[PDB]
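A note on names: the letters A, B, ... follow the listed sequences, proteins ahead of strands, and every chain is numbered from 1. Order of appearance sets the numbers: ligands from 1, and atoms from 1 within every ligand.
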Protein chains: 2
Amino acid sequence: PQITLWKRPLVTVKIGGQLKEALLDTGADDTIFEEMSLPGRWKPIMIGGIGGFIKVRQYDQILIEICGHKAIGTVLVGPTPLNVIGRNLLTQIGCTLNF
Amino acid sequence: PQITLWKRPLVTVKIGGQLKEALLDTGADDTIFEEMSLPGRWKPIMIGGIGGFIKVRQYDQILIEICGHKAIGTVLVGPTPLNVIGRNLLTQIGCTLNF
Ligand SMILES: CCC[C@@]1(CCc2ccccc2)CC(O)=C([C@H](CC)c2cccc(NS(=O)(=O)c3ccc(C(F)(F)F)cn3)c2)C(=O)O1
(Lines give C-alpha, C1' and ligand atoms only; values in the text may rest on other atoms or scores of the structure.)
Protein backbone atom coordinates (compact mmCIF):
# COMPACT_ATOMS: atom_id res chain seq x y z
CA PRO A 1 0.00 0.00 0.00
CA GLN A 2 0.85 3.71 0.21
CA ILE A 3 1.13 4.78 3.90
CA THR A 4 0.98 8.42 5.04
CA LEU A 5 2.91 9.53 8.12
CA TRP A 6 0.34 11.70 9.88
CA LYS A 7 0.13 8.89 12.49
CA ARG A 8 2.51 6.06 13.52
CA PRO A 9 2.75 3.49 10.66
CA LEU A 10 1.45 0.49 12.63
CA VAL A 11 0.65 -2.76 10.74
CA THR A 12 -0.48 -6.32 11.59
CA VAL A 13 2.30 -8.81 11.12
CA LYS A 14 2.17 -12.63 11.31
CA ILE A 15 5.16 -14.03 13.27
CA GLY A 16 5.69 -17.27 15.24
CA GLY A 17 2.07 -18.28 14.48
CA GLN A 18 0.76 -15.10 16.18
CA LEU A 19 -0.78 -11.89 14.90
CA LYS A 20 0.87 -8.81 16.32
CA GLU A 21 0.96 -5.00 15.78
CA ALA A 22 4.35 -3.63 14.77
CA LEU A 23 5.78 -0.22 13.80
CA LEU A 24 7.39 0.25 10.36
CA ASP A 25 10.68 1.94 11.24
CA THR A 26 12.99 3.06 8.42
CA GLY A 27 15.56 4.26 10.99
CA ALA A 28 15.93 0.84 12.67
CA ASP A 29 18.78 -1.32 11.35
CA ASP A 30 17.02 -4.35 12.88
CA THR A 31 13.69 -5.85 13.91
CA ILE A 32 12.86 -6.10 17.67
CA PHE A 33 9.82 -7.66 19.27
CA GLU A 34 8.73 -7.47 22.92
CA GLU A 35 9.06 -10.76 24.82
CA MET A 36 7.70 -13.64 22.81
CA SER A 37 8.51 -17.21 22.02
CA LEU A 38 10.38 -18.05 18.80
CA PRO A 39 11.75 -21.37 17.47
CA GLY A 40 15.41 -22.39 17.09
CA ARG A 41 18.79 -21.27 18.44
CA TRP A 42 19.55 -17.75 19.75
CA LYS A 43 22.44 -15.67 21.13
CA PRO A 44 22.46 -12.68 23.49
CA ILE A 45 23.46 -9.31 21.87
CA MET A 46 23.22 -5.59 22.78
CA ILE A 47 21.48 -3.01 20.54
CA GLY A 48 21.31 0.72 21.05
CA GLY A 49 18.96 3.54 20.09
CA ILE A 50 17.43 6.57 21.75
CA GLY A 51 17.87 6.19 25.47
CA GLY A 52 20.87 3.83 25.16
CA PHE A 53 21.29 0.02 25.03
CA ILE A 54 19.19 -3.09 25.75
CA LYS A 55 20.14 -6.75 25.74
CA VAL A 56 18.12 -8.86 23.32
CA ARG A 57 17.98 -12.42 22.01
CA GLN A 58 18.94 -12.82 18.35
CA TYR A 59 16.97 -15.44 16.38
CA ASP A 60 17.91 -16.10 12.76
CA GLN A 61 15.93 -17.22 9.70
CA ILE A 62 12.54 -16.24 11.13
CA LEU A 63 9.49 -16.15 8.82
CA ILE A 64 7.33 -12.99 8.83
CA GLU A 65 4.36 -11.77 6.81
CA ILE A 66 3.41 -8.08 6.52
CA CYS A 67 0.26 -7.14 4.53
CA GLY A 68 0.46 -10.24 2.37
CA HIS A 69 4.22 -9.94 1.84
CA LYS A 70 6.29 -12.89 3.14
CA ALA A 71 9.96 -12.46 4.24
CA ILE A 72 12.64 -14.19 6.26
CA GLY A 73 15.37 -12.66 8.39
CA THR A 74 16.82 -12.01 11.81
CA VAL A 75 14.37 -11.14 14.59
CA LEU A 76 15.45 -9.79 17.99
CA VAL A 77 13.52 -10.29 21.25
CA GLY A 78 13.74 -8.19 24.41
CA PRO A 79 12.56 -5.14 26.37
CA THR A 80 11.62 -2.78 23.47
CA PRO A 81 8.71 -0.34 24.26
CA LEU A 82 6.83 -1.80 21.22
CA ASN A 83 7.38 -4.23 18.25
CA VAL A 84 9.37 -2.54 15.47
CA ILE A 85 10.04 -3.79 11.90
CA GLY A 86 13.53 -2.61 10.86
CA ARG A 87 15.29 -2.34 7.51
CA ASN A 88 16.61 -5.96 7.46
CA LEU A 89 12.93 -6.93 6.85
CA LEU A 90 11.49 -3.76 5.20
CA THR A 91 13.79 -4.34 2.15
CA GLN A 92 12.40 -7.83 1.67
CA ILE A 93 8.79 -6.69 1.37
CA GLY A 94 9.97 -4.03 -1.07
CA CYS A 95 9.33 -1.07 1.24
CA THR A 96 10.63 2.36 0.13
CA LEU A 97 10.37 5.98 1.28
CA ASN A 98 8.93 8.32 -1.35
CA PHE A 99 8.58 12.10 -1.60
CA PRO B 1 13.01 10.73 -4.69
CA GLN B 2 12.45 7.04 -3.97
CA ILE B 3 14.75 5.82 -1.15
CA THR B 4 15.34 2.09 -0.67
CA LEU B 5 16.35 0.62 2.65
CA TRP B 6 19.36 -1.61 1.92
CA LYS B 7 21.49 1.16 3.57
CA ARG B 8 20.53 3.58 6.42
CA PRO B 9 18.38 6.40 4.96
CA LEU B 10 20.90 9.11 5.91
CA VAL B 11 20.51 12.38 4.07
CA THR B 12 22.22 15.79 4.16
CA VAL B 13 20.16 18.45 5.84
CA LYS B 14 20.66 22.23 6.29
CA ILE B 15 19.82 23.65 9.72
CA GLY B 16 21.10 26.94 11.12
CA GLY B 17 22.97 27.55 7.84
CA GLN B 18 25.03 24.37 8.37
CA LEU B 19 25.16 21.03 6.63
CA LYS B 20 24.49 17.95 8.77
CA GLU B 21 23.67 14.27 8.30
CA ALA B 22 20.31 12.99 9.51
CA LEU B 23 18.39 9.72 9.45
CA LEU B 24 14.94 9.50 7.81
CA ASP B 25 13.01 7.60 10.56
CA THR B 26 9.30 6.73 10.17
CA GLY B 27 9.51 5.11 13.65
CA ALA B 28 10.09 8.54 15.30
CA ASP B 29 7.12 10.83 16.07
CA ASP B 30 9.55 13.74 16.46
CA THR B 31 12.75 15.20 15.09
CA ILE B 32 15.84 15.14 17.37
CA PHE B 33 19.34 16.55 16.86
CA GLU B 34 22.56 16.18 18.85
CA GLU B 35 23.55 19.16 21.02
CA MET B 36 23.56 22.43 18.94
CA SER B 37 22.39 26.13 19.19
CA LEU B 38 18.91 26.96 18.06
CA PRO B 39 17.25 30.37 18.30
CA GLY B 40 14.47 31.32 20.68
CA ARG B 41 12.95 29.93 23.86
CA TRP B 42 12.70 26.18 24.58
CA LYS B 43 10.37 23.94 26.64
CA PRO B 44 11.01 20.62 28.41
CA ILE B 45 10.05 17.31 26.77
CA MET B 46 10.60 13.64 27.66
CA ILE B 47 10.59 11.12 24.78
CA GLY B 48 11.02 7.32 24.59
CA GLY B 49 13.42 5.39 22.30
CA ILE B 50 14.11 1.68 22.13
CA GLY B 51 16.71 2.15 24.89
CA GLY B 52 14.53 4.09 27.32
CA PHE B 53 13.62 7.71 28.04
CA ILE B 54 15.64 10.91 27.55
CA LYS B 55 14.96 14.59 28.45
CA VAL B 56 15.29 17.06 25.58
CA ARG B 57 14.90 20.75 24.73
CA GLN B 58 12.00 21.65 22.42
CA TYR B 59 12.42 24.49 19.88
CA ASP B 60 9.44 25.53 17.64
CA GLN B 61 9.32 26.88 14.08
CA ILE B 62 12.86 25.92 13.16
CA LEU B 63 13.73 26.13 9.43
CA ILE B 64 15.31 22.93 8.08
CA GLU B 65 16.07 21.93 4.47
CA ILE B 66 15.79 18.17 4.02
CA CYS B 67 17.23 16.68 0.91
CA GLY B 68 16.44 20.01 -0.81
CA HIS B 69 12.85 20.29 0.61
CA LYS B 70 12.00 23.07 3.11
CA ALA B 71 10.37 22.28 6.44
CA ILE B 72 9.63 24.62 9.36
CA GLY B 73 8.71 22.87 12.56
CA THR B 74 9.55 21.49 15.94
CA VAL B 75 13.14 20.34 16.59
CA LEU B 76 14.18 18.63 19.82
CA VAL B 77 17.75 18.80 21.09
CA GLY B 78 19.23 16.15 23.41
CA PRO B 79 21.39 13.03 23.84
CA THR B 80 20.77 10.95 20.65
CA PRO B 81 22.95 8.38 18.79
CA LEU B 82 22.60 10.63 15.64
CA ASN B 83 20.29 13.30 14.11
CA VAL B 84 16.87 11.90 13.37
CA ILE B 85 14.14 13.38 11.11
CA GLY B 86 10.80 12.15 12.48
CA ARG B 87 7.25 12.13 11.12
CA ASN B 88 6.53 15.74 12.11
CA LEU B 89 8.87 16.90 9.29
CA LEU B 90 8.68 13.77 7.08
CA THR B 91 5.00 14.71 6.58
CA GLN B 92 5.91 18.37 5.69
CA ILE B 93 8.14 17.23 2.81
CA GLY B 94 5.44 14.83 1.49
CA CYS B 95 7.02 11.53 2.47
CA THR B 96 5.07 8.23 2.35
CA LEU B 97 5.92 4.57 2.83
CA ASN B 98 5.26 2.36 -0.21
CA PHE B 99 5.28 -1.40 -0.84
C1 LIG C 1 13.54 9.48 18.43
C2 LIG C 1 13.18 8.08 18.95
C3 LIG C 1 12.90 7.20 17.71
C4 LIG C 1 12.55 5.74 18.03
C5 LIG C 1 11.16 5.67 18.69
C6 LIG C 1 10.79 4.28 19.24
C7 LIG C 1 9.41 4.34 19.87
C8 LIG C 1 8.27 4.48 19.06
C9 LIG C 1 6.99 4.55 19.65
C10 LIG C 1 6.89 4.47 21.05
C11 LIG C 1 8.01 4.33 21.87
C12 LIG C 1 9.27 4.28 21.26
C13 LIG C 1 12.60 4.92 16.72
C14 LIG C 1 13.99 4.50 16.30
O15 LIG C 1 14.12 4.24 15.00
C16 LIG C 1 15.01 4.32 17.19
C17 LIG C 1 16.38 3.73 16.86
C18 LIG C 1 17.02 4.27 15.55
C19 LIG C 1 17.31 5.76 15.56
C20 LIG C 1 16.33 2.24 16.83
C21 LIG C 1 15.15 1.52 16.57
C22 LIG C 1 15.16 0.11 16.57
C23 LIG C 1 16.36 -0.58 16.77
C24 LIG C 1 17.56 0.11 17.02
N25 LIG C 1 18.75 -0.55 17.26
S26 LIG C 1 19.72 -1.01 16.05
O27 LIG C 1 20.86 -1.74 16.53
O28 LIG C 1 18.93 -1.78 15.12
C29 LIG C 1 20.22 0.41 15.42
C30 LIG C 1 21.37 1.08 15.90
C31 LIG C 1 21.72 2.34 15.38
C32 LIG C 1 20.93 2.92 14.37
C33 LIG C 1 21.26 4.30 13.84
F34 LIG C 1 21.04 4.48 12.55
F35 LIG C 1 20.46 5.14 14.48
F36 LIG C 1 22.46 4.66 14.22
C37 LIG C 1 19.79 2.22 13.93
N38 LIG C 1 19.48 0.99 14.44
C39 LIG C 1 17.52 1.50 17.05
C40 LIG C 1 14.72 4.60 18.61
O41 LIG C 1 15.47 4.36 19.55
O42 LIG C 1 13.48 5.19 18.97
(message) Is it true that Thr31(B) and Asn88(B) share a donor-acceptor pair across their side chains at a distance under 3.5 Å?
(response) yes

(message) Regarding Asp60(A) and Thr74(A), do their side chains bring together a donor and an acceptor under 3.5 Å, going by distance alone?
(response) yes

(request) Among all protein heavy atoms, pick out the one at the shortest distance from atom 38 (N) of ligand 1; state its residue, atom name and that distance to 0.1 Å. (result) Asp29(A) N, 3.1 Å

(message) To check your reading of the model: name the closest protein heavy atom to atom 19 (C) of ligand 1, its residue, and the distance in Å.
(response) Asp25(B) OD2, 3.5 Å

(message) Would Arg57(B) and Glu35(B) count as a salt bridge (charged side-chain N to carboxylate O under 4.0 Å, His left out) here? Give the steps.
(response) CA-CA 10 Å; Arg57(B) 311 198 303 282; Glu35(B) 183 57 55; 2.8 Å; yes

Hey, is [X] touching ligand 1 through its side chain, its backbone, both or neither, going by heavy atoms under 4.0 Å?
| X | result |
| --- | --- |
| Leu82(B) | side chain |
| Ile50(B) | both |
| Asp30(B) | neither |
| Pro81(B) | neither |

(message) Between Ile3(B) and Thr96(A), does the side chain to side chain contact (heavy atoms under 4.5 Å, CB included) criterion hold? Intermediate values first, please.
(response) CA-CA 6 Å; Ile3(B) 297 176; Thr96(A) 61; over 6 Å; no

(request) Tell me which one of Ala28(A), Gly27(B), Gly86(A) gets a heavy atom nearest to atom 8 (C) of ligand 1. (result) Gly27(B)

Surrounding [atom1] of [X] (heavy atoms of other residues, nucleotides or ligands, distance under 6.0 Å), is the total greater than 12?
| X | atom1 | result |
| --- | --- | --- |
| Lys70(A) | NZ | no |
| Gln61(A) | CD | no |
| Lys20(A) | NZ | yes |

(request) Could you tell me the separation between the CG atom of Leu89(B) and the CD1 atom of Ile64(B), rounded to the nearest 0.5 Å? (result) 6.0 Å

(request) Look at the side-chain heavy atoms of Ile, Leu, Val, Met, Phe, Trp and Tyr, link any pair under 4.5 Å apart, and say whether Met36(A) and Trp42(A) land in one connected group. (result) yes

Under 4.0 Å from a heavy atom of [X]: which atoms of ligand 1 are those, numbered in the order shown and with their elements?
| X | result |
| --- | --- |
| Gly49(A) | 39 (C), 41 (O) |
| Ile47(A) | 27 (O) |
| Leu23(B) | 19 (C), 34 (F), 35 (F) |

Return a yes/no value for [X]: is any of its N or O atoms, backbone included, closer than 3.5 angstrom to an N or O of ligand 1?
| X | result |
| --- | --- |
| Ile32(B) | no |
| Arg8(B) | no |
| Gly48(B) | no |

(request) Give a yes/no verdict on whether any heavy atom in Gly51(B) is under 4.0 Å from an atom of ligand 1. (result) no

